[PDB]
Every structure is written in C-alpha cells, then in structure tokens.
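Overview (structure and organization)
The residues making up each chain are set out below.
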Amino acid sequence: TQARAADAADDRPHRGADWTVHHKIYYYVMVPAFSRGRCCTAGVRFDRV
Amino acid sequence: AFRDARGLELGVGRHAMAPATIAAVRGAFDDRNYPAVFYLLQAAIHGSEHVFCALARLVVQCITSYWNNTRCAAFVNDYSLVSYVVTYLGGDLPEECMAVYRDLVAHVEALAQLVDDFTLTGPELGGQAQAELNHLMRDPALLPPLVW
Amino acid sequence: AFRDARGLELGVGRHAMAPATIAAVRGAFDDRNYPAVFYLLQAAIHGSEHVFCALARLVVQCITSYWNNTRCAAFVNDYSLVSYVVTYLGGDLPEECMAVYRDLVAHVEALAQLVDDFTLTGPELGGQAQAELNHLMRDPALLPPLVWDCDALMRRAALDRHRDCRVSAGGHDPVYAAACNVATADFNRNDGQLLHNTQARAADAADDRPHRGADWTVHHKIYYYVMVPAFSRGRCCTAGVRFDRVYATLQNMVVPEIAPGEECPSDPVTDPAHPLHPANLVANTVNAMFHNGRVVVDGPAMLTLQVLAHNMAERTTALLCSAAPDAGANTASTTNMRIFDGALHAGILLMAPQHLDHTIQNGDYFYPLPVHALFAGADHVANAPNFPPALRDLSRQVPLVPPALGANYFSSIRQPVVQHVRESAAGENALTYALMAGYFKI
Amino acid sequence: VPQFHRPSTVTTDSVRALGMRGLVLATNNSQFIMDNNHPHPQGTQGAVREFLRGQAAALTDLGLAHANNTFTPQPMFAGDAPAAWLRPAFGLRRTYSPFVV
Amino acid sequence: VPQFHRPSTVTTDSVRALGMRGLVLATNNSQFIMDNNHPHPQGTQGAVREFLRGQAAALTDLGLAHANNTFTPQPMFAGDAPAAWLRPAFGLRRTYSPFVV
Amino acid sequence: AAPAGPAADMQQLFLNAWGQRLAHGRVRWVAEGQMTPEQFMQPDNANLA
C-alpha cells in the first residue's frame, strides 16, 4: 500500500501516525455498534480470488 | 443504562450522525443478498493506493448500481476503503450517496477529539506522551483487528 | 455556558441565518474533495474587479457544476469573492443558488449594526471615530488576516503619532507599487513592496489614496474573525501561496480548434471537441485540473484566462505591526507597551485538510502559516514537510503560531477565544452574535 | 495444448498461446476425473502458480487487442513527470470513459 | 528549439515559435535528468521568469487563431466611452457565449 | 520575533530552533482551558499570583 513505485521502502511506516488511530476507533467502536455483534473476521483464500 | 447515560454525556452536540445515514448502514449489515463481488474486490484492492486509483471507475459502478437496487451504502467493512472512496471519488456518485460516507469519516474524526478534550497537558513518561496513556485507542500496544 | 446566554441577547430578532443556508456552508468546510481548482482561482482572480468581470463565465459554470455534485457553497473563505458574486452574478446562478449567498452577506451587515446600537453619539477623541473606541472590529489598529490590497494599510498610517503605527513587512518598510506585469515579474524580490492591483479599471490607478470605501475593511474584519471561526470550529488556518506555479499550471492550456462549420461543444462525455474529453486530457495540464474536481467548463470560456497575463501578483509576505493602546486608555502607566497583530498580504485560508491526496505533493503550492491562534490547523501544520516527529502529540493540544506573526500575550485576541469556539453548542446562528459579544473593549 | 485433468501439462506457453476466449472454454470442457499417474514437478501448488502466470500474460495480450479502441493511459500520481523544475506534477484520477471511435 | 533539461536554453522566442499544442508535448517528452553544466545566466529563478513570458505570448497567438470565431470584446466598466457628454457609459458583464458560425 | 527572510522558510526556522524549548514544562495559558471554575479557585495551580 504505497503511493507510487518510486517511494518504495521498508525502513518506515508509509502513512501518517493518526491513520492507524482512526482504524482502531472504527473497528472497536463503530462496527460492533451497528452489527450488534453479528459479524466475524475471515481469512481469504487468495488462490481462488 | 448507566453506560448509556455516560454515553449521552458526550452527546452535547460534538457530532450527531444523520438518521438518513443510519438506515443506509443498518441495511448494509443486514443484507442477505449482499453480493460477494463487494467482497471479491476487497482482496483485490487490498488497501493499496495504486490499485484503487486504477480501479477508480469499477468502484463507482458497483456503488451506484447497489445504491440503485437496494439503497444501502457499500464497502463498509474496510475503513481503508471508506476513506478512499471519500477522499478520491467525489464527483462520480450522486450527491445523496456522498453524505453517507462523509458521515462515516467525519464521525470518526469527531470521535478522535474525544480523547484530546479530556487530557491534562504534560511531559512524556515512557517513550510515550501524556495523552497516549489515557485512552486505549492511542496506545500502539493494540492493533486494529484487520491490518493491510 | 455564560457567553452563549449573553449571545442570545443579540438574537432577539436582528437577523437569523436560515437552516437551509447553514448546511450549504458547513459542507464546504468538510469536503475532502473540495476541488483544488478553486484554490488556484483564489490565487488567480486574487481580489480584483477587472479579473472577476472577465472570468464570470468560468465562475458561474464552476459553481453550478459544484452545485450539482456536492450541494455546497463555493469560494467561501474570501469575503472579497463572496461580495463580488452578490453584486455581479445576479441572473445566471439559479434562484435557489442565490439564497445562500445573500445570507452570507446580509448577515454581515446585520453584524455591523451591532456596533451602531450600543455606541452613544460622541465626538472624536484622538482623531478617531467614536464607534471605533467601543468595539474592536471598527478599529484600524487591527488588520484583516488576508489583505489583497493596502486599503487597511492606507487608513492605519493616517492615525496620529501618539499611537505608533508602523508595519514591518519583512524587516522593510512597505513601499506601495502600482501594477504587476509580464516584464515586471521578479518572483523572489525582498523589498518591502506590496501590490495595489485590485482596481475598477486601468485608468483609475493611484497610490496616494486607497481604492475602496472605509467600511469595506470592517466588513472583512467581521467576516474573517467572526463568521469564519464560527463555522470551522478551529479546524482551519491560513497559508502562503507559491505564485510561481499557479500562473504556470493555469497557462498549460490545451484548447482544441473548432471547425468553421461545426458548433460549440457542451458535452464532457460524447464529443471529442470538448476540453474535458480524454483525447484532450494531457497530463499536468489545465484540462487535467478541471477533470480532477469534476468541474464542467464550456469550451471558449477557457480562452478567457488571458486576463492573468495582465494582472500578475508578486508573492505572500508576512505582516507584523506595532500599535499603542487606545486614545481613551493611554495612561502614562501604559505608554511602555504595544500590541502586535499578524496578517498576510496576498494569502489564502485553507478550509479542509487535503494531506491525504497523493495526486498533488505537499510542498507544491500552499505552505501553511498559522497567523493567529484561531487559525492553526491540527492536521494542517503537522503535515507540512520537514515536520519534526517529536511534536505530533504537542501539535494536537496547543496551536503552533510563531512569534514572527505575533504570539499570545502581545496580540489582540488571546488564547481563550479559540477554546470558546470548540466548547460551545449554541449553533451556527448564536455563535456569530456571541463572538461579537466578546469583541468589546475594556 | 494443455489437458486440465493432467497437472503436469499446464505451462505458461500452453495457456498464453490459447486465447482468452479459448482459455475459458477449455477449462469448462475438461474431464471430472483427475489423473494421478503424473503430478506436476513442483507439486499441485506449483501448478496453481504456473496457471496464474498464463492468465496475466493473456490479459496483456487481450489489452493489445483493444489498443485501437483505448487511449494512452496517463500517470495517476504526482512526482512522476519529466519537466518538474518549472511546472509540477498532477495525476488524472481515471474516472473518464476511454473509448475511441 | 529548446531542451527543457537545459536551463540556459529556454527563451521567449524559443517558446513562442513553438505552438501551444507543441509547447505542452515538448515538456511532457523531456528528460528526467537535469543538467548542471550550464545554468541560466539570470539563475534558475530567472529561467522561470523567462518561461512564463513565452506562454502569455502564445496565448495571444492562440486567441488570434480564434478571431474568426469570437466577437470584438466590449469594455466592462463605466468611464471608458468616447461620447460621454451626451450619453453615459455602460459595461457589458461578459456572461454571454461569444461564438460565430 | 522580527520577520526575516521570505515567509516560506519562516516556519522552518521556527521548528528547528524551538524544538527543544517546547517540551520543558507546562504552558500556562493552554492549561487554563481544562479548569473547573472551582479548581481555578483552589490552590492546586501555581498561576494564582
């Protein structure tokens, strides 16, 4: 998940520090509040995709 | 109900999500015919900028057709896909559909300021600073349960 | 909880902004795809009469295209660009479109009459008007934060010498030029030189006088210090604008030739003779830029951009200034202090944080400048390049104004006006009176 | 020409020389019974790796069949431009309809 | 003919003699590597000044290619009129669609 | 401070020299924003005098 192929590295995170803060808010607060706990996470078989 | 009255305690008008954007989200978590195409894209975009800005037409025709067959908001389960359809796909969707996705991003950024209004300002403690040690979402000790 | 009840004292039937014209403004402070073309046009039309009266066909068809994509108001951060549409663009915007633009103007002249009800009929005191020495927005001791002119600067230097009125525009005294052209570009000159480009026509070109009325600066000071912080909740800031590339990326023109038997195109999908068709979308061009924001523009309206060849602009300069206290407050125990107000000549206020785009780099156009503590974006300042990483939790709580643009205690408006905006719940009609209830002098 | 009931027959050049219109109909007309007399030399998982190498090689062959109908695609992001020190870099969000009459 | 990887080559007459349709394609087909063996005599900032002088000179050349399609533009404001002591001065707000069949 | 040089590098000269000044102790005026009007009357803060 990068912007362009010239900006390719592994020494650092490629996005802002607040980005992962907005995820944790989204999946621990927002998503269970709508689904009433009727959801689940899954592993995706990338072979047949 | 005690946590609900504490839940209403922060509701003094910081942000209220629109009720038209509730029934477009209550539907999306309850559609038994939620088409698996909408899942099959999510492994193919896989959170990338380059794939999404290449698939910036195919995301549109999937949303508009689903907005014109059930009237529910699509691609909800991936926040990485929420704020890409928000931040890139502006003038392709109808006006009414755009208001749902903004009420899913600007709500969370309104939830981000809940931490900051309640932290006294101080020096750092353990390689982390003062507002991080208060609320759980600021700690890097957690992880999001789905990380691309 | 106390100022809001005091704000209800002026809301007893002076003016009420309609709720249909509230949400059309709030959205414009929330669009993460607010099209960045409009930011270039605010650097292009840049406050001028003559430039605006040629680019009418663009600006109408930019608004009416934006009206049918988001339903929000355009050009909101510039009162100069709000007031020109309300004077000129009468019967080309639709009926419903004009209803928002009056309630952003007719509200402001209702805010100006808040002064005219609480001031007695008095004579002049220190060579200044009696209505000035009560409420802050009438004083020429301040400056509007975004000045395309020297109109507030001409009237300030005419005060008496008992108030020290000097302006240190980058270490040099301000010298007022006349116009800017192709052969007088000099994009990095370091004199104390500011422009007076915004004029009604070419022949009315003077530097010994200001060109506009004296109430005009008061209309801006009301708009930028009351209206704008009432909407954005302290999530906006000013910025300095690189004019080097704006005049370049508006003159990367690809205009197709129209056949002399055919007709004018009006379809951005079907016909190839249109400047938003993919057989005319060359990369890094002007036609690429309108397609970025989905702005439907007619064909020969693109040819009207040639006005930018005549009315150039130099740069954005910092503006510090000293100010002695009031004529009715100058005790000898107060002569030894000053009040320093910040401003940017030829700047643009940013509304929504577009740091999550990857189609335009960060340090291309708009370097951000937190002039005043009301204008200090939490995501705007902390996403400019070369930001040190030991401040990202510091940047969140406090604003980040440098003392090259005036600190807290030596400014006019201190810190806690910022915090009153965030911690209120009065709504978008009562804050614009409740703020005015705070700008009264002591 | 490959036979999809035999795992050691699928190669890239067997898939790529068959057309994309023919690739679909070959697999839909194969045999249900899988033969185990001769497996793929990299295992059954290596044959799945071998098979996806032919599809992406044929889609690029499919895209060259539409070169007389599409446009030259422009870059999407900033920072990729030859003349950069005088004008900056845009990027077209690919939302239009590339089609040539 | 200018080469945009060389700063001391850009002049007004090099840009203006190239067409506006050709000006765009020249810069998009240049070289990524900037040469530093010979800078512009007014500095790199003087070359940016030199480059914008050619664009405005070519847009006026572009407007003369549409003189058989547009109208004669009338003045916009009052105070600019030859016969003023008997009739006053108007000004057309340019909101119409200038086009000639 | 007096405005020196162009305004482009004006913020850069700020953060590069003030980076070790911003993290010594508490800032006075921002700390008043999270004060109950009875706490401000208590001797808790050292900003009474």
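Residues numbered from 1 in each chain as written, not as in the entry; some residues may be left out. Chains lettered and ligands numbered in written order. Part of a larger assembly, values for the part shown. Heavy atoms only, no water.

This deposited entry lists cryo-EM as its structure determination method and 4.2 Å as its resolution.

**A look at the overall build of chain B**
Helix and strand counts for chain B stand at seven helices and zero strands. Secondary structure elements of chain B occur, N-terminal to C-terminal, as α-α-α-α-α-α-α. Counting only C-alpha atoms, chain B reaches 50 × 35 × 30 Å along its principal axes. A total of 148 residues make up chain B; the buried ones form 46% of that total. Residue pairs in contact within chain B that sit at least 24 positions apart in sequence constitute 64% of those at least 6 positions apart. Carbon and sulfur atoms provide 57% of the accessible area of chain B, an area that totals close to 7700 Å². (Helix = DSSP H or I, 4+ residues; strand = E, 2+ residues; numbered from the N terminus. Buried < 20%, exposed > 50% of the residue type's maximum accessible area, 1.4 Å probe, protein only. Contact = heavy atoms within 4.5 Å. Areas by Shrake-Rupley, 256 points an atom, 1.4 Å probe, with all protein chains shown as cover.)

**Description of the packing of aromatic side chains**
The way to describe two aromatic rings as a pair is by their centre distance and the angle between their planes. Scanning the model with the defined rule gives 32 aromatic pairs over all chains in all. Each ring, one from C:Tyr79 and one from C:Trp216, has its centre 6.3 Å from the other, and the planes form 55°; the classification is tilted. Pair noted here: C:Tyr79 is in helix α6 (residues 79-88) and C:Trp216 is in helix α10 (residues 216-232), with a separation of 137 residues, a long-range link. For C:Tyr79, a relative accessible area of 3% puts it in the buried group. Cluster of aromatic residues (ring-pair linked, three or more members): A:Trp19, A:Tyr26, A:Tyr27, B:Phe52, B:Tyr79, B:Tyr84 and B:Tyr88. If you follow C:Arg14 out to its NZ or CZ, it ends over the ring of C:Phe118, 5.9 Å from the centre. (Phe/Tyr/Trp six-rings, centres within 6.5 Å; stacked < 30°, edge-to-face > 60°. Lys NZ or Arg CZ within 6 Å of the ring centre and 35° of its normal.)

**Here's the deal with the interface of chain D and chain E**
Counting from both sides, the interface comprises six residues of chain D and, opposite them, 12 residues of chain E. Each partner contributes to the roughly 830 Å² buried at the junction of chain D and chain E, and carbon and sulfur atoms together form 68% of this total. Of all residues in chain D, D:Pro82, D:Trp85 and D:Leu86 bury the most surface against chain E, accounting for 74% of the area lost on that side. Inspection of the region where chain D meets chain E yields zero salt bridges. (Buried area = accessible area lost by both parts, 1.4 Å probe. Salt bridge = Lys/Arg side-chain N within 4 Å of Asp/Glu carboxyl O.)

**Considering the side chain of C:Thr249**
Locating C:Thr249 in the fold gives a position in helix α11 (residues 243-249). Side chain to side chain, C:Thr249 and C:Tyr365 meet in a polar contact 3.1 Å long. Not counting residues within four places of it along the chain, the set of residues in contact with C:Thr249 comprises C:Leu40, C:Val286, C:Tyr365, D:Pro88 and D:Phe90. (Polar contact = N/O pair within 3.5 Å; in protein donor to acceptor, adjacent residues only side chain to side chain.)

**Quick look at the sheet that holds strand β1 (residues 146-147) of chain C**
All names here are of chain C. As summarised here, the arrangement of the four strands in space is β1-β7-β6-β2, forming an open sheet in which the pairing is mixed. Two strands in the sheet have a free side with no partner beyond their single neighbour: β1 and β2 (166-168). In terms of strand pairing, β2 meets strand β6 (residues 317-322) through three bridges, oriented antiparallel. Counted as the bridge partner of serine 168 is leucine 320 from β6. (Pairing = 2+ DSSP bridges.)

**Description of the nonpolar core**
Counting 136 residues, the largest nonpolar core has C:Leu93, C:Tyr101, C:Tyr223, C:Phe290 and C:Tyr439 as the members making the most contacts within it. The greatest single-element share of this core, amounting to 10 residues, is contributed by α10(C). Among all residues touching C:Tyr439, those that are not within four sequence positions of it are C:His135, C:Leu136, C:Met137, C:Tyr225, C:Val226, C:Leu374 and C:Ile413. Core analysis: the next-biggest nonpolar cluster, separate from the first, contains 52 residues, B:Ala24, B:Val60, B:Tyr101 and B:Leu142 among them. (Core = buried A, V, L, I, M, F, W, Y, C linked by side-chain atoms within 4.5 Å.)

**Some points on unusual backbone geometry**
Trans peptide bonds make up the majority, and among non-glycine residues the majority have a negative phi. Residue B:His46 is not a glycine yet carries a positive backbone phi of 45°. Residues other than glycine seldom take positive phi values, yet C:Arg233 does so here, at roughly 60°. Within the secondary structure, C:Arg233 sits in the loop between α10 and β5 (237-241). With relative accessibility at 18%, the residue C:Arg233 sits in the buried group.

**Some thoughts on the relation of the copies chain D and chain E**
When chain D is brought onto chain E, the operation consists of a screw motion whose angular component is 60° and whose axial shift is 0.9 Å, with 0.0 Å RMSD remaining. Such values leave the two copies arranged in the relation of a six-fold axis. The C-alpha atom lying nearest the rotation axis in chain D is that of D:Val101; the distance is 26 Å. (Least-squares fit on C-alpha atoms.)

**Describing the packing of helix α1 (residues 19-35) of chain A against helix α6 (residues 79-88) of chain B**
It is at 10 Å that the axes of α1(A) and α6(B) come closest, and there the two elements cross at 115°. Taken as axis vectors, α1(A) and α6(B) run roughly perpendicular relative to one another. The segment α1(A) lies against α6(B), with A:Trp19, A:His22, A:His23, A:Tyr26 and A:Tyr27 engaging B:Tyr79, B:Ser80, B:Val82, B:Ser83 and B:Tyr84. For the contact of α1(A) with α6(B), the per-class residue count stands at six nonpolar, four polar and no charged. (Axes fitted to C-alpha atoms, helices over the stretch in contact; angles between N-to-C directions. Parallel < 35°, antiparallel > 145°, perpendicular 65-115°, else oblique. Nonpolar A, V, L, I, M, F, W, Y, C, P; charged D, E, K, R; others polar.)

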